[PDB]
Amino acid sequence: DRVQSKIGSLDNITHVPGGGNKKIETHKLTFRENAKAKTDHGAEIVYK
Amino acid sequence: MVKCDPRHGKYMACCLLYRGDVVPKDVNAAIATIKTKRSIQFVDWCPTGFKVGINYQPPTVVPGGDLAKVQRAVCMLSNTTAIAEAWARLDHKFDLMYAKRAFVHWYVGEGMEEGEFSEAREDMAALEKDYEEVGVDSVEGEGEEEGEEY
């Protein structure tokens, strides 16, 4: 049978992505919108 | 004894209390020089912004170390918009932590609600407008009727 190690260090290679866990701040999402447009025109406006 | 600089607003009220060796007309002559220096600023709806009192029993003071012992003294109590900074700082320092919900878990563990921080911080946002409504002057300017509207 040509023989191999009785131990087997490879087993945790079954573990899943990841890598790591979270982050999640406690109540708000400030600047995730990455600074695109949020308004239209601009300068002098209307009148009737 | 408050660190709002009294130049940062206007008085509405002043209640001063003399004690000791004091004269009713020296008081009167002192306060005319406080009223004359309108640099010391007032709410424009309160011409009569001052109350006096005079009592003849000296200032007495508990002993220890080196301390002055005088024959006359004054307490004043005074209301002024200059304090509104303090309130605008305390409700900002509040809102800074509260937006992250910092320390809120200790409080809510005792049975308090986020509505109660909510009604409080709002009540100071009502009080923000309420120091300032009374801060606005009693005239909104003027314009000439002789000029054309078109």
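Numbering starts at 1 and runs along the chain as displayed.
Determined via electron microscopy, 4.1 Å.
Quick reminder: no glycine exception, Cβ is built from N, Cα and C everywhere.
What Swiss-Prot says about this one:
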type     : residues  : note
CROSSLNK : B:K25     : ubiquitin cross-link
CROSSLNK : B:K69     : ubiquitin cross-link
MOD_RES  : B:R38     : omega-N-methylarginine
MOD_RES  : B:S138    : phosphoserine
MOD_RES  : B:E142    : 5-glutamyl polyglutamate
MOD_RES  : B:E144    : 5-glutamyl polyglutamate
MOD_RES  : B:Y150    : 3'-nitrotyrosine
REGION   : B:131-150 : region 'Disordered'
SITE     : B:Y150    : site 'Involved in polymerization'
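Beyond the ends of the region 'Disordered' (B:131-150), by six or more residues, the same chain brings 9-10, 12, 43-45, 81, 83-84, 87 to within a C-beta distance below 8 angstroms of the stretch. If you take the Cα of B:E142 (5-glutamyl polyglutamate) and the Cα of B:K69 (ubiquitin cross-link), they are about 55 angstrom apart, rounded to a whole number. Note: the Cα of B:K25 (ubiquitin cross-link) and the Cα of B:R38 (omega-N-methylarginine) are spaced 21 Å from each other. For the recorded positions shown (B:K25, B:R38, B:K69, B:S138, B:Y150), fewest C-beta neighbours within 10 angstroms: B:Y150.
Using CA atoms as reference points, the recorded positions B:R38, B:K69, B:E144 were checked against B:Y150 (3'-nitrotyrosine), and the closest is B:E144.
The closest partner of B:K69 (ubiquitin cross-link) among the modified residues, by CA position, is B:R38; the full candidate set was B:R38, B:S138, B:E144. DSSP assigns B:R38 (omega-N-methylarginine) to coil in the three-state reduction, outside any helix or strand. Secondary structure at B:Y150 (3'-nitrotyrosine), taken from DSSP and collapsed to helix, strand or coil, is coil.
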